[PDB]
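# Coordinate inspection notes
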8 protein chains.
Amino acid sequence: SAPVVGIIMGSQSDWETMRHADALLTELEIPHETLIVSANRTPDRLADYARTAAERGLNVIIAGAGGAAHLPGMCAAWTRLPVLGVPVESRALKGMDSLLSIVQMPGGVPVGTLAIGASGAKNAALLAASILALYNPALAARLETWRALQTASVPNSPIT
Amino acid sequence: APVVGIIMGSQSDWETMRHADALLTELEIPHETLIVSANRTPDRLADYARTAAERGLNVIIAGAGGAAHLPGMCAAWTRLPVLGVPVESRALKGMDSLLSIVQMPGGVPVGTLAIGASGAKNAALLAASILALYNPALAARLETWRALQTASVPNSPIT
Amino acid sequence: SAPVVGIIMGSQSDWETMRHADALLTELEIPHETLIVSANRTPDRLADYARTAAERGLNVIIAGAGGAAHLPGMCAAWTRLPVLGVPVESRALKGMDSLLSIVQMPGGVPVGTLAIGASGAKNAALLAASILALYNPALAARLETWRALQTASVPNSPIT
Amino acid sequence: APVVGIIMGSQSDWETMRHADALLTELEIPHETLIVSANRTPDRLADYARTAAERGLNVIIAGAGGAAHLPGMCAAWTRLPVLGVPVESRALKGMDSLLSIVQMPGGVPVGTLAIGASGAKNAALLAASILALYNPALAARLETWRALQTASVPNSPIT
Amino acid sequence: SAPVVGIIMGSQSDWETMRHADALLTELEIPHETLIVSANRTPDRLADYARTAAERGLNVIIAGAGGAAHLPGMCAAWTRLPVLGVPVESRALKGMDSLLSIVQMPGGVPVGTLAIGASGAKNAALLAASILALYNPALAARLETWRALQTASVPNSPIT
Amino acid sequence: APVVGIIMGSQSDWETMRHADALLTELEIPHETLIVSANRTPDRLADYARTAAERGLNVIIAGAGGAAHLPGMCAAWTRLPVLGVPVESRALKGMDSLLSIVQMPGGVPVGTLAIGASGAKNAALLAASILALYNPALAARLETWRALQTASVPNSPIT
Amino acid sequence: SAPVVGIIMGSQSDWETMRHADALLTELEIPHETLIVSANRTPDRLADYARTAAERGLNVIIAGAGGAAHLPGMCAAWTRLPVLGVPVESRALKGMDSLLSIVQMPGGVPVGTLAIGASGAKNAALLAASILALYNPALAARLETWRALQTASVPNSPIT
Amino acid sequence: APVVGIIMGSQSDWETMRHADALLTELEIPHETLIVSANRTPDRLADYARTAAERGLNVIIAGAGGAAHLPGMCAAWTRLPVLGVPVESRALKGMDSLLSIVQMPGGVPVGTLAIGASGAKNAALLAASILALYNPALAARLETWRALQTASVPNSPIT
């Protein structure tokens, strides 16, 4: 039952986006936890979350935030685990501030960044799954089936 | 046998992608380093990506610039995690590279790193952090690498 | 009755845009086919579509996609035919990701790119028509009439 | 007699547009290469574009930078397909060029290629692929060109 | 009664923006004409309009267009008169394509460019007025009064 | 006596604004060329702009880079037409300059020209075209200038 | 009762944004004044406001404006006080013109710039408070309590 | 004892941040100048920021480039005013730096200055203007500095 992925986000307003990561992990039967951790309002909460993640048994962190989106990169600063970043769409700049704040990490501290918005959340979960699948054969088979069905389900022509 | 594949769209990408190669070598991660063009050698890419898992690869690092299709198309054909490095382009400074890699639609992920050499280094570190989840000796070398990075930052600037 | 232009798009959600290409080809009496082909979900479908297009009698491909819009460029990778690309408008980045993903093809593999959105779809069809018109006199006359009427139909003053 | 016209807004565009000229010569496509400015020689452009078809041109490749009106205005006067090359500008690196060319409204197309030398080369290849539809010898030379490009990509980078 | 300013625009859809230039010229009692001239659909109409503007007694042209906005620059190519350009806001790119298509004229062929949208239309008319005011004392006094009243009419505090 | 004032925010702008100065001299338009900083010498700007008309100036050309307030603030204090030249900035290549100049709200216009040297040259030409409306000798020199520009464009590129 | 912070803005339309600065100063019991001052319509009003601010007892100016947003930088040109700038979101360019017009001040004349929109207004007030707190112990304690409560009030998980 | 802390993410930032250091020295403002990386030395940053007030610092000036988290994370841990300097980055010319610093959400401010050396100089001036509110001797030196800047602007450009 113990979580192997942590989904963290900067605010409740991020949940409309990050719920797509939660749903997909659940779909693939990946146990996980989902939390609010603010890089700017709760920096010590973040420090503790990230530095203890590995010893708590987490394998991957998915971090979502918008605007001056420091949460994924600061999480990666404190954990040796892979951290995946979801740029949450922002009001004025449409997530371009989110995206650049996350993806442009300096050499030495990676964040694997996904697309702005719900696509990115879904793909963070899928990327996490593909990481876990490397060591978990049952999950690898579920993921294979999932990817194959996605391919097989694309229609051949538009409803014109 | 290689467990990471580094692929890049052209020789011109090597100045950037060599940083990924160097990091993997530093951490003693067996890997292969190849040129594969999504646009000029699409069948080469198809074969590479579709057979990667069966050949024993665990992670693919793909770098390209401009209309950079290599990472996303690699991901389309493999179930393995694909990490993408936007190579800095001449006119648009890798913004075209970045958007063509990172903005993958839901269903086919590419874990995207920074534009340029930083991104190439970080793709290799991210690959390492993935492999470390099920390779304890590597996990310890990665811990050492991260600890040395942190400990080595000077406290004050030199003039 | 056999198609000489192929219209392909990455998803049903592209049809709201790509229908304008379909309508214009039909207006000019250009036989064509209209399909969904996903570069990221159905890469082998794309490979087969593009590599066989010429032998199937297609002369021009119009490819529409949004976001990380790889469909036109990957189509061009596998066919020797001219490929025309329509950047479909995306939600966050307003088709700028679509545009750059399509137009910035490296030297050696062209995609003739049109405007973001419905304008681009309409112009992909018109550009395809002007290509076909080079060898098809009846079509050339229909296109001449069409262009002339467009010019003649512009009003001289606004409804102020 | 020329079947492709290459036109460019100024001598400063030649460093970019020479790549189109070279490619057409390589594929033995007869063509003319001219300077025509939309803003400085608008009547020259009007005459060039309106008479292109009657002179036997099949495709026009137009390159310009900045507020780049040359391709679109060419297309306004000819029924021929017009391909546009955004020339890299000093300050905005061809983003002004790109948007002023690609964003043509419905009714007057310009098939737009990448910013810079890549775009110039690709405009010539796209013109070739158009002409190839009704010139079998050229179609075979184009097939050879594309096949050589694909076959010539190295498998691994050189240090 | 004869017009001294010409307002031209690429389409009826530009009128929602360009009407602000019309209104302001009328407010300041500047005789003018208002026309649709498309650079891309009616290039010969444009050529004739611009090359004859001076001999018809026009002193300033205000040209508004959106997207690949060639109308102001091509007008300036054919007239020696000052040409003022209004970037009409575009759907996807919010007038950034309009703006760059107008303002980035090469050395030798100026277009005096105003803000994206209605502000720009209003300011094109005001700029035209300030040009005409240089030789027309009655207009100069009307413009002085107008500018002074604008300054005097700014409130001192917000309605909080 | 000067009828055009060229003002610029700093000596660093001169490399750009000298093109305006040269063009006005070429057309024999009497003018003054000054440094006036909106941010460092705001009172100097206030006095310059408020007294420009009474001193006999007809047009002001104002160039600045970065957060470029000089043209707009000049326009705030004078009834004269103000033309603005966005000077290319180091990091953002004049996009900051452009937006801070062109986006004036309704009520206080600045006629804005291209980023850089092209814009400086064109501000002077636009000033000339304004003055030409009520100076026939100048109008004829401007006609000659435009005619020479058009006639001098080559027909084909040099290698 | 005398104001120690001045909030100025270019127009009534800025108030929807700048009210957040007003509210926060009032929340922290910081006396202040709130005015409309237009850099482009009332330049002499601005000159007088900024040059007399210090002698009137103001310690910090918060200046909000949009578009070609010159108000904060021109205020800073005339006062030795710290000036904080709020980029008000603009219609077409989403405050990017506002932001660049404010933040890119040349060396020698600072404006401390905050985020586009309401966030920036709120943070201008908070930044002003943190400046005043350096010399005002009661305010420093109120601000400490405010920051601590903000941190303590972040939820631990989303309402999923 | 220092009353301003200048912190920067790396030695590579020093070319930019030295301008802040120089200005503070010029105005005789005691300060410390340190390297602190948000991403490589997060615990160092935590300790620095949380203890700054108790150590007697009044203002922190933080400079970083790229995904620039240093100013915002500093502000997260201190009640002191934090001023942020976007360092110009190689590919995106500090636009990534700017947006990652300036776009702080309501509740945790960073007063942000221009990209590059101008921003570093202005962060130090802004810090000075803050300190001047409760240090009359400094206020007078700042007045002198601003007056000299204004008086020293030339009236006309040199060729």
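Going by the header, the method for this PDB entry is X-ray crystallography, and the resolution given is 1.750 Å.

Residues and elements named next belong to chain B. With respect to burial, strand β4 (residues 82-87) is a largely interior element, six of its six residues being buried. Residues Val82, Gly84 and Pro86 point to one face of β4 and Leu83, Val85 and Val87 to the other, with burial holding for every one of them. By the bridge criterion, six bridges tie strand β3 (residues 59-65) to β4 in an arrangement that is parallel. The residue bridging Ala62 from the neighbouring strand is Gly84, located in β4. Read as a crossover between parallel neighbours, the route from β3 over helix α3 (residues 70-77) to β4 is right-handed. The pairing of β4 with strand β5 (residues 111-112) spans two bridges and is parallel. Paired with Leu83 across the strands is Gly111, a residue of β5. With respect to chirality, the unit in which β4 leads through helix α4 (residues 95-102) into the neighbouring parallel β5 is right-handed.

According to the stated counting rule, one finds 48 salt bridges over all chains in the structure shown. Across the pair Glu144 of chain E and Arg79 of chain F runs a salt bridge whose closest N-O atoms are separated by 2.7 Å. Taken together, the residues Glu144 of chain E in helix α6 (residues 137-152) and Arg79 of chain F in the loop between α3 (70-77) and β4 (82-87) connect one chain to another. A salt bridge links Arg18 of chain F to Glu15 of chain F; its shortest N-O distance comes to 2.8 Å. Of this pair, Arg18 of chain F and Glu15 of chain F both sit in helix α1 (residues 14-26), three residues apart, which is roughly one turn of that helix. Taken together, the salt bridges that share partners define one network made up of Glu88 and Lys93 of chain B together with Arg90 of chain H.

All right, on to the interface of chain A and chain B then. Of the residues lining the interface, 40 residues belong to chain A; the matching set on chain B comes to 39 residues. The contact between chain A and chain B buries some 3,200 Å² in all, and 59% of this surface belongs to carbon and sulfur atoms. On the chain A side of the contact with chain B, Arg80, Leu134 and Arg147 of chain A bury the most area, a combined 23% of that side's loss. There are two salt bridges connecting chain A and chain B.

Another point: the arrangement of the chains. In this structure chain A stays clear of chain D, and the shortest span between their C-alpha atoms is 18 Å. Looking at chain C next to chain G, you find no contact at all, with the nearest C-alpha pair sitting 13 Å apart.

Reading the values: rules and limits
Residues numbered from 1 in each chain as written, not as in the entry; some residues may be left out. Chains lettered and ligands numbered in written order. Heavy atoms only, no water. Buried < 20%, exposed > 50% of the residue type's maximum accessible area, 1.4 Å probe, protein only. Helix = DSSP H or I, 4+ residues; strand = E, 2+ residues; numbered from the N terminus. Pairing = 2+ DSSP bridges. Right-handed = clockwise from strand over helix to strand, strands pointing away. Salt bridge = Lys/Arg side-chain N within 4 Å of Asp/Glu carboxyl O. Contact = heavy atoms within 4.5 Å. Buried area = accessible area lost by both parts, 1.4 Å probe.

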